[PDB]
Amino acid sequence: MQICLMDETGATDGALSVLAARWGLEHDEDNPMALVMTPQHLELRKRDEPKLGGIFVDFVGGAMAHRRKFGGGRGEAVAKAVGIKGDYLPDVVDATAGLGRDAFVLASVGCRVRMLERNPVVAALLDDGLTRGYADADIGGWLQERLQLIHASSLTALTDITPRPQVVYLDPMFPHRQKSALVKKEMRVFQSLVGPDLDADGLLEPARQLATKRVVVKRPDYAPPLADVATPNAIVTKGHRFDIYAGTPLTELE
């Protein structure tokens, strides 16, 4: 994948070159997006918009830290969508990793989450977020077990996932039209990198085969259900809803 790689670490150790080789990235000086390595983290910038700043995955502080304390925790809509109730903490596969926000919420509540990311630049960004997260003295320890990353497509490598999780979470990039959704920098930048997931409808089928209990799909308001498959089960939140589907029961069952 092409991206404008930029080095701002001033270490001349070749780290940036290794990272690119590691994730199969190819330097593109004229690319509209830049992947920047700083002395602290790896971030994404929308070159034609400097004033938007760069974005990076941060599980320790910032918005995520606050969301962990005031977001609702097991009280969040997504948590209730995946079925977190009582002392039930289902293994979850976040098939559309993204920036890791929802995946982290579920892990923080106690769920063992595995995130699947097919976009190499996003995997590099998530990977960098995990490294800093694992080094944390507070969450570092449990984060390593409850939040892992797998780089591949969820339309082919999802059915190969084992042991099978009880829940599969889906939140593909929707073709946002409202400029209201394109106000915050986080989205104006991330969307300029990955863009709408043209093949999003193909995620439901394989997601329901992996999950042994439930599949949750985050969808903005008025947005049609994924793959146009209707469902009477859904949690309506503020600005969006979470459609709920059944999975595929165990077979061998040890």
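Quick note: we count residues from 1 along the sequence shown, nothing fancier.
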(request) Can you let me know which of the two, 136-144 or 158-166, has the higher average C-alpha B-factor in the entry? (result) 158-166
(request) Pick between 191-199 and 49-57: the one whose mean CA B-factor in the entry is higher. (result) 49-57
(request) Determine which member of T96, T131, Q178, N119 has the highest CA B-factor, using the values in the deposited entry. (result) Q178
(request) Would you mind finding, among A77, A124, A152, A107, the residue with the largest C-alpha temperature factor in the entry? (result) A152
(request) Report the third (lowest, middle or highest) to which the CA temperature factor of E43 belongs, ranking only the modelled residues of the same chain. (result) lowest
(request) Rank-wise, by C-alpha B-factor, drop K185 into the lowest, middle or highest third of its chain. (result) highest
(message) Based on the deposited C-alpha B factors for this chain, I'd like to know if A15 is in the lowest, middle or highest third.
(response) middle
(message) When the deposited Cα B-factors of this chain's modelled residues are ordered and cut into thirds, is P32 in the lowest, the middle or the highest one?
(response) lowest
(request) Would you mind checking where the Cα B-factor of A63 ranks among the modelled residues of its chain, as the lowest, middle or highest third? (result) middle
